[PDB]
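Protein chains in written order, with the authors' numbering: chain A, 150 to 198; chain B, 1 to 297; chain C, 51 to 149; chain D, 12 to 69; chain E, 12 to 69; chain F, 10 to 254; chain G, 1 to 242; chain H, 1 to 242; chain I, 1 to 49; chain J, 147 to 194.
Each residue gets a CB set at the ideal place from its N, CA and C atoms; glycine is no exception.
Step one of this worksheet: look at the structure below.
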Amino acid sequence: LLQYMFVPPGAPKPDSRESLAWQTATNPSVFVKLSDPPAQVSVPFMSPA
Amino acid sequence: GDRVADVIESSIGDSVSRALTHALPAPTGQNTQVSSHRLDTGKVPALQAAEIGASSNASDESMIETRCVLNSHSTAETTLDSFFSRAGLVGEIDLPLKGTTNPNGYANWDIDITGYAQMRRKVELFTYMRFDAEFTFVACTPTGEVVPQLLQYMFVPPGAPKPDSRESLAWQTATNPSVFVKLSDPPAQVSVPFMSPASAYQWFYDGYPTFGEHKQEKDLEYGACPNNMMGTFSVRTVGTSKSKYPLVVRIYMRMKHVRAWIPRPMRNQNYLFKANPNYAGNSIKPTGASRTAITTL
Amino acid sequence: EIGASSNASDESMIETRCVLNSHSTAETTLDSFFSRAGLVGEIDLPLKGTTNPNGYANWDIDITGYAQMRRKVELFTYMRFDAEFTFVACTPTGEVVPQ
Amino acid sequence: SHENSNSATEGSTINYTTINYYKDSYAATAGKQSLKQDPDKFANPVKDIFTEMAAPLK
Amino acid sequence: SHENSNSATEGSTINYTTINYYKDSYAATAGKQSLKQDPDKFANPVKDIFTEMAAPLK
Amino acid sequence: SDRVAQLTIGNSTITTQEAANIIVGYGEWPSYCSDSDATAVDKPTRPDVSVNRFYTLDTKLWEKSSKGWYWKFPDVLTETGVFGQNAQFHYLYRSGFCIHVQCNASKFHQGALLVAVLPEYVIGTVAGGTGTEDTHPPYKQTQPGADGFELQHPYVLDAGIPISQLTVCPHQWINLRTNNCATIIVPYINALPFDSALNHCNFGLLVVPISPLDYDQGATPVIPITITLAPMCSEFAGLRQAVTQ
Amino acid sequence: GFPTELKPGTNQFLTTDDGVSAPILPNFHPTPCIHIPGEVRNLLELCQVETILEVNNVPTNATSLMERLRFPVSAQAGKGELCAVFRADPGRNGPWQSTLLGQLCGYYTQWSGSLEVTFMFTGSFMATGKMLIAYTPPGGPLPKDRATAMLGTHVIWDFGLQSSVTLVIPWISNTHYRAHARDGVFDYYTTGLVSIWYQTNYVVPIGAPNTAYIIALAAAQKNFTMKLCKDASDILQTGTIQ
Amino acid sequence: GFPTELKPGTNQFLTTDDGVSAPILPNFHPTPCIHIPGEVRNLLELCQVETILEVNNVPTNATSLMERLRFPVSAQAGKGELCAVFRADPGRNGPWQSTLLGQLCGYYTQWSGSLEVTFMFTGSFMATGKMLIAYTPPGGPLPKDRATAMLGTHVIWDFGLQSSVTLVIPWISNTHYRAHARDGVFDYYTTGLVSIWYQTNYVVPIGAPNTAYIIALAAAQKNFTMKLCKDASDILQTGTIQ
Amino acid sequence: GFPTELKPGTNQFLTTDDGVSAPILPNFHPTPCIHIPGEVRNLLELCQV
Amino acid sequence: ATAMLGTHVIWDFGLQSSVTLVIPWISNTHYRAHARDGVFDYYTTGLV
Ligand SMILES: CCO/N=C/c1ccc(OCC[C@@H](C)CCN2CCN(c3ccncc3)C2=O)cc1
Ligand SMILES: CCO/N=C/c1ccc(OCC[C@@H](C)CCN2CCN(c3ccncc3)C2=O)cc1
Ligand SMILES: [Cl-]
Ligand code: NA
Ligand code: NA
Ligand code: NA
Ligand code: NA
Ligand code: NA
Ligand code: NA
C-alpha cells in the first residue's frame, strides 16, 4: 500500500515515513495498492503567471 | 385580552432577530477604480478610531492614486466546503497479535477526532459546526502490506452493547450498521449524517454536563458535552480463532455540507490532550519567528 | 378500566407555549426498523471434525437461532415480507482462500 | 431525484448543486455553493455606522 | 419499468417509491413509504368514544 | 454625537461623555426564542423589567503590572437580584446582554484595555508545567462568580490561543486618551434554544491591558475598572425548587 | 466496453445499504394477502399504548415478581408523608424497563417528546384520599419534603368514581432530543424525578381494608418521536440456541 | 450485464475526490438547525477582520510575551530617526504570524490583494506627534534614512482625536498572485518593506510620560483572495495526543 | 447494483487514451490568461516558416 | 452592590457639568402626608 501526496510550496515536506505531515488534512493525497491499476488524476494550471 | 397601555405597547416576545448586516454575492475580488489627487479639508479617510471595534474602512482608491483594475480572481476556494471537504487522518486502530493493547482480535474506538493536530486545529477555528461526513477506512499490516483478511466494522451508538470480545454476541449487528470488507478490497467508505441532539457539534463547551458540587474528583468532566459524543467504532477480525496477521486501520474523515458559527483565535501552543486546551506552562512559545531588534530585519 | 390509553394532553394539564414540532417520524416505520441485515445462520464446513467432514452441509431455513434478530421479529405475530440474503464465507480465522 | 431531505445543509441560505444515487440526501457530494459573504458581521458590527471620509469620533 | 407485480407489499395502502433493475418487483429496494399511522387501533379501541374533558365513566 | 451616550433599561440609566460608539455582537440584536426554534413545551416566564436592568457587579484596580481579568456569563448574575432568583428556580434560561465596562482617568494618564466577548470560553491548565500532568481547572476558576479571575498567561488567554487574534470577537478598546468605556450588546449564543444558567456559561468577558497603564508621580494612582451589565430579553422555563448549582 | 472507474467502498457489504439484488425465483407470484386485523404501520403507534410501569421494582424472588406490578397506599399520620419516587428517564434502567415504551425506546439512540403516566387506584369503593404527584425537571434533587416537591409540575389526585388520574411529564429539555440517560456524563440527558405524596390521607371506614394498591400505566404523548436505530442493550441468549 | 471497461485510477482513494458514499442510517433525519449568531460563509470574511500584528517580535521569555503586542515611541532629537521596520510579506515568518490573516494565509499556496495596517496611538491625550510610515515596493533595500523611505508609498500620520491611522499596502506585483515568500528564489514573491519614521517628534508637556506605545492591527482589503489549498507549515503536536 | 460485465482492455493504461481523471484541487480557479503575442494553434503554421 | 439594586443613575463627569436623578413617584397611596418618625413613616419616600 502506498501514499502519494502533493506538497505545494509552503507546505511541510515529509522528513520520514512516519512524519506528521502524512496526516494530509489539506494537501491532496492518494492511497493505492501496487496490485491496483496505475493511480491517475487531473491537475489544473497552477502557476501564478 | 390586554387593556393596560404598557402591555399593548410591549416588545416582550418578538422572535425576529433584527440583523445589522446582510450577505452580498462576491464570486470575485473587488475591482479597483481610477482615483486622482484629493486635497480636501473635512474629508479624511486615512484617520480611524480603532477603539470603536471595527476594522478600517480606508480603501486603496482614497489612500493613493490608483488605476482601474478589473479583478476576476475567484473566491470559490475559500468557502467552508472547499476548506474542509478534504479527507484527513482522525483515528488509528491497532490489532496486534502478541501485544499488550488488543491481543484479543477486536478493538473499540471512541469516536473523537481530536487526537490529530492538523485536522483538529482546522475545525477549532470555529465554535459550532454542523455537517455530514464521509469516512474512509484504510487497513493493512504494520509494513503497509495487504493480506487476505476479512474484517467487520460496526458503529455502536451510545446505549448499544459494546463488543467485549472477538466473539461477542453484539456482532450479530441486527440493528447497528456494520461493514464487512477484505484488506484486499479497496478502502471501505460510507456517508455519515449530522447525528447530534443539538443543532451543531461544538468544539468548546465552557461548562459541566451535570448538576451538583463540582469537587476535584469530577473536574475531569469540565468541558465534556454529550452532544459531541456520537458513540463507539468497533472493529474485529471475523473469526473464532486468532488472526494470523497484525493489523492497523487508519480512519479518514471528509466533511461535506458544512456550516460554522463564531470564529475563534487559532491554537498557537502544542496540543497535549484530546479533551482539553491544556498547554505546557514551562514552554509557552510566541506564535511565530522572533528577531534581535525592532529596527532590523 | 375501559381499556384505552389516557387522552389527557400537555395543553390541558399545564400552561404551554406554542411549539412547531418538525421532528420526523420516518425512522420508526417497519422498513426502517427491520431493513437492516443481521446474522440469522452459521454453517460450518470443517476438515477432520465431527459435524460435517464430508464437504457439504444442509441448513434448515429457520432464523430463530439468534437472539437479536429473533427478539425483533417476535414483536409481531404475523409478518409478510421479501428479503435480501447475504452470504459471507471465510476460514475460521477470517482468512480468505481460493475456494 | 425524489429523496429524503436529511442533509446537514437542508434549509440553508446558500444554494447547493450536488449529485446523489441514494434515497438519503446526506449521501450526496459536497458540490458547489453560493458565493455570498458578509464581512461586516465581524469587521464592522457598529450600531451607528460611520463613513470612510468622516472622522469616526465626533 | 414494466415488470412483474410480485412484491410482498403489492396492493398495500402505503405508497412505496423504489428502484429496480430486474423483471421481478420483489428484487427492488426497500425505498421510502407513506407516513400514515393509526394509534387508536391499539390505544383507543372503545365502541363509544369519550372526550378528553368528560368523565370517562358516566 | 457619538462620544456621548445614554443607556436606559429597567429602572437604571447609564451616561457617558466619552464613548466610542456601540458594538452589536455578530451584527444582531437579542430576541426572544421563536416558536420554531423552541422545543420545550411549557409556557416561559419573561419577568421583563425586574431582571432586564443594569447590575453593577465588580470593580478591579488597574495597575502598571496588571495582567487582565475575565468573568463568565451568566455565572456573574446567578446570585444577584430577581435575575438570580429566576436563574435558580428554573432549569432553562436564555437572554442577551448589554455590557458596559467603565474606566476613566485624566488627560495625563495613558494605557489601553482590550474589552472582548469570547463565546464558550473554555479554560485550560499549564498541565504541570511540563505538559505531562493532565490537570483540570477547579470550579472556582471556570466559574469565578462576580469577582472574576485574574489571567495567569494573557498571551495565550490561559487556553492555548493567541490574544493577538481575540479581536475576531465582538470587542472595543478603552484607550484612555480617547474613551472611558466600552459597550457591547450580545445576543444569546448557543447551539440550543435554552440551556442551564448554572451548568453552562455561554461566553466570557475579557478585560486585558494591551498597552500598560502609566502616569507621573503625583497623578491619581488608583484607576478602577468597573463592570456593569444588563440581561436582555430574559426568558426562563422548567420551574421547580431553587438550586444554586 | 463503456469507460468506468471503481471508487472506494467497492466490494463492501454494509448491512444497512438499501440496494438491489438478483431475484432467485423468476416470475414467482406470492400468495395473495388477505385482510388481517391489527396491522401496525409505525412503531410510534405502539409507544402510545399504555403498559404497566414497575414503580415497585424491589422484590426479586420468583414467587414475588407479580408484586412489582403495583405499589401500596394506606392510612398515614397526616404529615404529608412520601409514597414513592422514580426517575422519569424512559430509556434508563429502572421501572420504565417493564413498559413496551421503554423496550422499544431501547432500539433508538435518541428520543424527544412528552410522556404520561396514568395511575389507577384499586382500593375499595369506600376508600377515599388525595395524593400529590410531582414531576421535578432536571437539576432538582429528590424532594426533601412535600413542600419542596410541590414547587414543580404536579397533579393533585382525588380518589372517586374515576379510578384513575394522569400525570403528564411535559417535554422540558434544553436539547431537541435526549440520548438514553445514565450515570456519568450522560446524566446530562436526564428527564427528572417523579414523586408521589399524601396530600391529605387514605381514609376508610370500619369494614374496609387498611391497605390498597395503585397500578401505574405509562406511554408517550403524540409529540413523541425517536431517531437513530441501534441495537437494544440486552441480548436474550447465553449460549447457542438449540 | 452491460459492457464496461475499467480505467486507470480504479480503486484509488484520493482524499479530495468529491464523490458519493452509501449512507449508514437510512431515513435518519438530523436535528433541526435553529438560528445561531455569527455564521461565517467564506474564510475571506475573516481576512478582513483586523488582529494585532506583532511588530515588536523580539522578547521571548514567557513573562515578557505580552510586550510583543506593541512598540514604543518617545521624545527624540529631531533627526527624523527610525522607529521600526518589518516585511510586508503576510505569509512569511515574522510579525504577520500573530494575525489571523497570516494564519489563514498559511492554508493557501497563493494569495493576491492589497493589505492594510492600522496603527493606534495609546499615549496620553497631551502627547502629540507626526510620523511617516512608508511601504517600499520590491527591489528597494531597507531605507537608509527617512529621505529615502519617503520616496515610496507613504502616509504622514498626525496624532490627535482620531487615535489611529491606516497604511494601505496596495497590491503592487508583477504576477497576479504571489506564493508565500521566503529566503531563496522564492523571494521573487516578496511584497516589500514597511518602515516608520519620526516626521517631527513626540512632544509632551510637563506631567506626562516620555514613552507611549503604538498597537498595530492588520487585515486584508476587499480585493484580497487566496488559492490552492495546502496544509499549514505548523503541526501543533510533538507526540501522540492522549 | 446495476448489472455490468468487464471487457478486455480493463485496467490497461494506454498513453494516448483521452479519458477523464479525478481533479485533485476542487474549486481551484487558474490565474487569468492575459494577452501574449505569437500564439500558435497548429504545427503546420511553423512548417511554412 | 446593594444600592445598585434600586433606581439609579451612573454619572460621568465631562463637558456637561450636571446630571439629573429622577426620584419617580413610587407610592402605595395616591398622596403622601409629610413623613416623620413614628407611624407617619408610612409616607416615607425613601433614601438617596
Ligand atoms: C458500519 C460502520 O460505519 N460507521 C462509520 C462511522 C463513522 C463515523 C461516525 O460518526 C462520526 C461522528 C464524528 C463526525 C463526530 C466528530 N466530533 C463532533 C464534535 N466532536 C468533539 C470532539 C471532542 N470535543 C468536542 C467535540 C467530535 O469529535 C459513525 C460511524
Ligand atoms: C441460490 C440459493 O440462494 N437462496 C437463498 C435463500 C435464502 C433464504 C430463503 O428463504 C428464506 C425464508 C426466510 C425469510 C423465512 C424465515 N421464517 C419465516 C417464519 N419463520 C419461522 C421460524 C420459526 N418459527 C416460526 C416461523 C422463519 O424462520 C431461500 C433461499
Ligand atoms: Cl440580591
Ligand atoms: Na446486490
Ligand atoms: Na429474473
Ligand atoms: Na464511495
Ligand atoms: Na439508504
Ligand atoms: Na482515470
Ligand atoms: Na471535485
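State the Cα-Cα distance for the pair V165 of chain F and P218 of chain F, rounded to the nearest angstrom. The residue given as residue 165 of chain F occupies position 156 in the sixth sequence. The residue given as residue 218 of chain F occupies position 209 in the sixth sequence. If I take the Cα positions, the gap works out to 14 Å.
Using the three-state DSSP reduction, which class does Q216 of chain B fall into: helix, strand or coil? Here residue 216 of chain B corresponds to residue number 216 of the second sequence, with the count starting at 1. In the three-state reduction of the DSSP assignment, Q216 of chain B falls in the helix class, which pools H, G and I.
Does the CB of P37 of chain H have a neighbour CB from chain G at under 8 Å? Position 37 of the eighth sequence, counted from the start, is the residue given in the question as residue 37 of chain H. Chain G contact via Cβ: absent.
In three-state terms, what does DSSP make of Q226 of chain F? Along the sixth sequence, read from residue 1 onward, the residue named residue 226 of chain F stands at position 217. Under the three-state reduction of DSSP, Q226 of chain F is assigned to strand.
Could you tell me which of G:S114, G:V185, G:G80, G:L14 sits nearest to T66 of chain C, measuring between CA atoms? Taking the first residue of the third sequence as 1, we reach residue 66 of chain C at position 16. Checking every option, the nearest Cα to that of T66 of chain C belongs to G:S114.
Is it the case that the CB of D81 of chain B approaches a heavy atom of ligand 9 more closely than 7 Å? As a position in the second sequence, residue 81 of chain B is number 81, starting the count at 1. Outside the cutoff, so no.
Beta strand (DSSP E) segments (min. 3 residues) lying fully within the region 172–211 of chain B: Fully enclosed beta strand (DSSP E) runs of 3 or longer: 178–182, 188–192.
Where the beta strand (DSSP E) through residue 247 of chain G begins and ends: What the structure shows of chain G is the stretch from 1 to 242, and residue 247 of chain G is not part of that stretch, so it cannot be assessed.
Residue range of the alpha helix (DSSP H) that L101 of chain H falls in? Residue numbering aside, residue 101 of chain H sits at position 101 when the eighth sequence is read from its first letter. 100–105 is the span of the alpha helix (DSSP H), which, as asked, contains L101 of chain H.
Does any residue of chain H bring its CB to less than 8 Å from the CB of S74 of chain C? Position 24 of the third sequence, counting from 1, holds the residue named residue 74 of chain C. At least one chain H Cβ lies under 8 Å of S74 of chain C.
Neighbour-count burial assignment, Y205 of chain B, 16 or more Cβ in a 10 Å radius: Walking along the second sequence from the start, residue 205 of chain B turns up at place 205. Buried: at least 16 other Cβ atoms inside 10 Å.
What residues from chain H crowd round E37 of chain F, counting only those whose CB sits closer than 8 Å? In the sixth sequence, counting from the first residue as 1, residue 37 of chain F sits at position 28. Ordered by position in chain H, the residues that pass the 8 Å Cβ test against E37 of chain F are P37.
Touching or not, the region 12–28 of chain F and the region 183–196 of chain F, by the rule of three or more beta carbon pairs under 8 Å? Taking 8 Å as the limit for Cβ pairs, the verdict is that the region 183–196 of chain F does touch the region 12–28 of chain F.
If we count the other Cβ atoms within 10 Å of its Cβ and call it buried at 16 or more, is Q15 of chain F buried or exposed? Reading the sixth sequence from its first residue, position 6 is the one you call residue 15 of chain F. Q15 of chain F comes out exposed.
So that I know if they touch, is there some Cβ in chain E lying closer than 8 Å to that of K34 of chain D? The residue labelled residue 34 of chain D in the question sits at position 23 within the fourth sequence. Yes, contact with chain E.
What residues from the region 168–198 of chain F come within 7 Å of chain H, judged by C-beta to C-beta, listed N to C? Listed by position, the residues of the region 168–198 of chain F near chain H (Cβ gap below 7 Å) are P171, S173, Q174, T176, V177, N184, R186, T187, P196, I198.
According to DSSP, what are the bridge partners of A134 of chain H? Numbered from its first residue, the eighth sequence carries residue 134 of chain H at position 134. In DSSP, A134 of chain H forms a bridge with H:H154, H:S195.
State buried or exposed for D183 of chain G, treating a residue as buried only when at least 16 other CB atoms are found within 10 Å of its CB. For the purposes of this step, residue 183 of chain G is taken as residue 183 along the seventh sequence, with counting starting at 1. If you draw a 10 Å sphere on the C-beta of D183 of chain G, you find fewer than 16 other C-beta atoms in it, and that means exposed.
In the DSSP assignment, the alpha helix (DSSP H) including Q97 of chain F goes from what residue to what residue? The residue you call residue 97 of chain F lines up with position 88 of the sixth sequence. For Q97 of chain F, the enclosing alpha helix (DSSP H) has its first and last residue at 90–98.
N-terminal and C-terminal residue of the alpha helix (DSSP H) that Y222 of chain B is part of: Here the question's residue 222 of chain B lines up with position 222 in the second sequence. In the DSSP assignment, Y222 of chain B falls outside any alpha helix (DSSP H) and carries neither an H nor an E.
Extent of the continuous beta strand (DSSP E) to which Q26 of chain F belongs: Counting from 1 along the sixth sequence, the entry for residue 26 of chain F is found at position 17. Following the DSSP letters along the chain, one finds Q26 of chain F in no beta strand (DSSP E), marked with neither H nor E.
Enumerate in chain order the residues of its own chain whose CB-to-CB distance from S18 of chain D is below 7 Å, with the five nearest sequence positions on each side excluded. As a working mapping, residue 18 of chain D is identified with position 7 in the fourth sequence. Within the same chain, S18 of chain D has close Cβ partners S36, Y37, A39.
List the DSSP bridge partners of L167 of chain G. Numbered from its first residue, the seventh sequence carries residue 167 of chain G at position 167. Bridge partners of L167 of chain G: G:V117.
Using 8 Å as the Cβ pair cut-off and three pairs as the minimum, do the region 11–20 of chain G and the region 188–202 of chain G touch? No: fewer than three Cβ pairs fall under 8 Å.
Suppose contacts are defined by Cβ-Cβ distances below 8 Å. Is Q119 of chain F in contact with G123 of chain H by that definition? Reading the sixth sequence from its first residue, position 110 is the one you call residue 119 of chain F. Reading the eighth sequence from its first residue, position 123 is the one you call residue 123 of chain H. Less than 8 Å divides the Cβ of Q119 of chain F from the Cβ of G123 of chain H.
Helix, strand or coil for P83 of chain F? Go by DSSP, reduced to three states. Within the sixth sequence, numbered from 1, the residue matching residue 83 of chain F stands at position 74. Annotated three-state conformation of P83 of chain F is coil, per DSSP.
For ligand 4, is there a heavy atom less than 7 Å away from the beta-carbon of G113 of chain H? For the purposes of this step, residue 113 of chain H is taken as residue 113 along the eighth sequence, with counting starting at 1. The answer is no for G113 of chain H.
Classify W171 of chain J: buried if its beta carbon has 16 or more other beta carbons within 10 angstroms, exposed otherwise. Along the tenth sequence, one-based indexing puts residue 171 of chain J at 25. Label assigned to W171 of chain J: exposed.
DSSP three-state label for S64 of chain G, please. As a first step, residue 64 of chain G is located in the seventh sequence; it is residue number 64 there, counting from the start. Note: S64 of chain G maps to helix in three-state DSSP.
If distances are taken between C-alpha atoms only, which option among C:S55, C:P148, C:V146 comes closest to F61 of chain E? For the purposes of this step, residue 61 of chain E is taken as residue 50 along the fifth sequence, with counting starting at 1. Of the candidates C:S55, C:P148, C:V146, the residue whose Cα lies closest to the Cα of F61 of chain E is C:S55.
Any beta carbon of chain G sitting closer than 8 Å to that of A49 of chain F? Start at 1 with the first residue of the sixth sequence, and residue 49 of chain F comes out as number 40. So, interface residue.
Between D231 of chain G and chain H, is any beta-carbon pair separated by less than 8 Å? By 1-based counting over the seventh sequence, the position of residue 231 of chain G is 231. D231 of chain G does not count as touching chain H.
Counting by C-beta, which residues lie closer than 6 Å to a heavy atom of ligand 7, in chain order? The set of residues whose C-beta lies within less than 6 Å of a heavy atom of ligand 7 reads, in chain order, D:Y33, D:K34, D:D35, G:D18, H:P23, H:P26.
Compute the minimum distance between the beta carbon of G38 of chain I and the heavy atoms of ligand 6, and state whether it is under 7 Å. Taking the first residue of the ninth sequence as position 1, residue 38 of chain I is located at position 38. The answer is no for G38 of chain I.
When the cut-off is 8 Å and only beta carbons count, does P26 of chain H lie next to chain C? Taking the first residue of the eighth sequence as 1, we reach residue 26 of chain H at position 26. Yes, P26 of chain H lies at the interface with chain C (some Cβ there is under 8 Å from its Cβ).
Taking the CB atoms as reference points, tell me whether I36 of chain H and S199 of chain B lie closer together than 8 Å. As a position in the eighth sequence, residue 36 of chain H is number 36, starting the count at 1. As a position in the second sequence, residue 199 of chain B is number 199, starting the count at 1. The answer is yes: Cβ separation under 8 Å.
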